[PDB]
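Numbering (the deposited numbering), first residue to last: 2 to 152, 160 to 501, 510 to 520.
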Ligand SMILES: Nc1ncnc2c1ncn2[C@@H]1O[C@H](COP(=O)(O)O)[C@@H](O)[C@H]1O
């Protein structure tokens, strides 16, 4: 009996392990698989009542809270599409993402999200909030609509083809591409992640990544719940260095997944403030940005768990390749391991499958890969050349078929796992009336791996400064995307600009 649907897999988990711990708010309360399912079903009923019909996009801007986990599964449950969005976005960003995703409802915490609410208000998109009260008197997920539609979920059968998760990604055009991930895509990816790491109901983990990115959402939350394993959300609604190990120990965690920058903080936290003992984990996971072999070495030596580096992207519904469990094979530093439940080939510009050791574009094919970018035949033409999905990454296979990432064909600045389009930031800078030309570029950074700076040629006669350019960018871009330095110059000739203004 194999699930055709993520909703169906999670319902299968509710039935099989109804009493087992599903999700917890660290040091506050625990929800069983069956209780979470009842809450998801109740929230689903409320989304129907609110007028959410199949294929409708419901935008979600929350921290990593149980409210978000219920709503997300409830949106998917009623055959609607979850469009999670970074709460840290500007009104200008929120306006585009809500607009381009055709969001017909925005949900925030009770405190709200003013930039997101400003965007929805202007786009005439209905607003609501969600709050979970779990006291001795009641347990209730209150969905409060500002514009209520009304004053059930039996007839609704989820289909594999149903778009469940919608996320934006960057490529060539300054307008982010829309990535529709099906009910079929996510359950395919959960099986891959469950398989390679052999996740079981006895596993538990602490979420230290944002649940609006596929890493935290699919590998962290959904792959755990689909496996019947337990998920623990830190009280802070985000990664907390001080509570991390207290929460891992108290909730008997067997594994965690983070990015190198998070691992770095946890390592430094082990030097200054060592725990008396550390819980023996099955494995520690790294993804999203290249893990330095030194870090991998330190993590393993410090915590005594095998560190397994993986390679994931949104279009692939997260996981593409991973180093295996030590029991199943070796893990190699500076490698992202072998493909998992999908075909992977190294292709030259002509679509020739290159032999081992030769650098080409890493291309994938599998049930976890998006049908294609939403209403964007141009992007899909290039992205699906020769019947493979083109990642935009340059890499090679060694004799054992282990992938090594050595470069990028696409223009990205990977800032500690967060993706910054130089093309999107160029569009913002060029839009400034006193800016004539602008080039946002990437440089090496000890902490974040890469960092964004920019170089500007101002409109002849204007007296613009870095402070003006920064202030303006901060109104239009999220702080992580904003260039940290602005080199105002006379002429531009990008790799060449980065080669010029880089420091020694
Ligand atoms: N282990 C890794 N090392 C280096 N880059 C990575 C790694 N995993 C993922 N990436 C990059 O992250 C991209 C996916 O971005 P996203 O869709 O935001 O997850 C990939 O195409 C790579 O460029």
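Ideal Cβ placement from N, Cα and C applies to all residues, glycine included.
I believe residue i touches residue j by the beta-carbon criterion, under 8 Å. Please report the beta-carbon distance rounded to the nearest angstrom.
i	j	result
residue 413	residue 352	About 12 Å separates the two Cβ atoms, so there is no contact after all.
residue 425	residue 251	About 21 Å; that fails the 8 Å criterion.
residue 390	residue 450	Contact flag wrong, Cβ pair sits at about 22 Å.
residue 194	residue 226	7 Å
residue 328	residue 372	5 Å
residue 407	residue 364	6 Å
residue 161	residue 78	7 Å
residue 404	residue 366	6 Å
residue 325	residue 235	About 16 Å separates the two Cβ atoms, so there is no contact after all.
residue 80	residue 211	The pair is not a contact, with the Cβ atoms about 29 Å apart (cut-off 8 Å).
residue 357	residue 398	With a Cβ gap of about 10 Å, residue 357 and residue 398 do not count as contacting.
residue 448	residue 430	4 Å
residue 70	residue 229	6 Å
residue 423	residue 488	6 Å
On the DSSP letters alone, give me the boundaries of the alpha helix (DSSP H) that residue i sits inside.
i	result
residue 422	From DSSP, residue 422 is part of no alpha helix (DSSP H) but of the beta strand (DSSP E) over 421-423.
residue 311	301-311
residue 76	67-78
residue 40	34-50
residue 96	92-101
residue 164	Counting along the chain, residue 164 falls outside any alpha helix (DSSP H), and DSSP gives it neither H nor E.
residue 390	385-391
residue 434	430-439
residue 476	474-484
residue 115	115-123
residue 201	191-205
residue 232	231-235
residue 173	Element bounds for residue 173: not the alpha helix (DSSP H) but the beta strand (DSSP E), 171-177.
I'd like the span of the beta strand (DSSP E) that includes residue i, first residue to last.
i	result
residue 23	22-26
residue 251	Run containing residue 251: none; DSSP gives neither H nor E here.
residue 518	Segment: none, residue 518 is in no beta strand (DSSP E) and carries neither H nor E.
residue 358	Careful: residue 358 lies outside any beta strand (DSSP E) and carries neither H nor E.
residue 503	Between 501 and 510 the numbering of the chain has a gap, and residue 503 falls inside it, with no coordinates.
Just to confirm, are residue i and residue j a CB contact at a threshold of 7 Å?
i	j	result
residue 437	residue 462	yes
residue 27	residue 240	yes
residue 442	residue 472	yes
residue 18	residue 209	yes
residue 111	residue 130	yes
residue 132	residue 140	no
residue 128	residue 59	no
residue 432	residue 182	yes
residue 262	residue 289	yes
residue 172	residue 202	no
residue 84	residue 104	yes
residue 295	residue 313	no
residue 75	residue 44	yes
residue 345	residue 330	yes
residue 82	residue 114	no
residue 207	residue 237	yes
residue 303	residue 278	no
Per DSSP, residue i forms a beta bridge with which residues?
i	result
residue 263	291
residue 453	457
residue 132	143
residue 333	For residue 333, which the question treats as bridged, DSSP gives no partner whatsoever.
residue 464	446 and 496
residue 416	401
Legend entry - Any heavy atom of ligand 1 within less than 7 Å of residue CB: hits in chain order: 177, 221, 222, 223, 294, 295, 296, 297, 298, 299, 317, 318, 319, 320, 321, 322, 323, 344, 399, 400, 401, 413, 416, 420, 422 and 427
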